[PDB]
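# A closer look at the structure
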Amino acid sequence: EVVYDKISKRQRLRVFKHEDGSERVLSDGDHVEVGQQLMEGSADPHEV
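The next thing to look at is the pattern of salt bridges. Overall, the coordinates contain 2 salt bridges when judged by the stated rule. In this structure, the salt-bridge partner of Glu 40 is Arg 14, at a minimum N-O distance of 2.4 Å. Taken together, the residues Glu 40 in the segment after β2 (24-25) and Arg 14 in the segment before β1 (15-16) connect sequence positions 26 residues apart. By relative accessible area, which is 28% here, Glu 40 ends up partly exposed. Between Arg 24 and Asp 30 there is a salt bridge; the shortest N-O distance is 2.9 Å. Its relative accessible area of 19% is what places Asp 30 among the buried residues.

About the thresholds
Residues numbered from 1 in each chain as written, not as in the entry; some residues may be left out. Part of a larger assembly, values for the part shown. Heavy atoms only, no water. Residues with missing side-chain atoms left out of burial classes, pairs and counts. Salt bridge = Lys/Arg side-chain N within 4 Å of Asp/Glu carboxyl O. Helix = DSSP H or I, 4+ residues; strand = E, 2+ residues; numbered from the N terminus. Buried < 20%, exposed > 50% of the residue type's maximum accessible area, 1.4 Å probe, protein only.

And the structure:
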């Protein structure tokens, strides 16, 4: 299981299309695909 270490509360959680269901912000227990972005902001393109 993957661990993303620490993110400041300054980063608002990503409200995303949220396939396998509705359109809403990220809550605990949600199901995430291989490419989905977890936080709101800018994603590293080396990562992608």
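What follows picks up the thread again.
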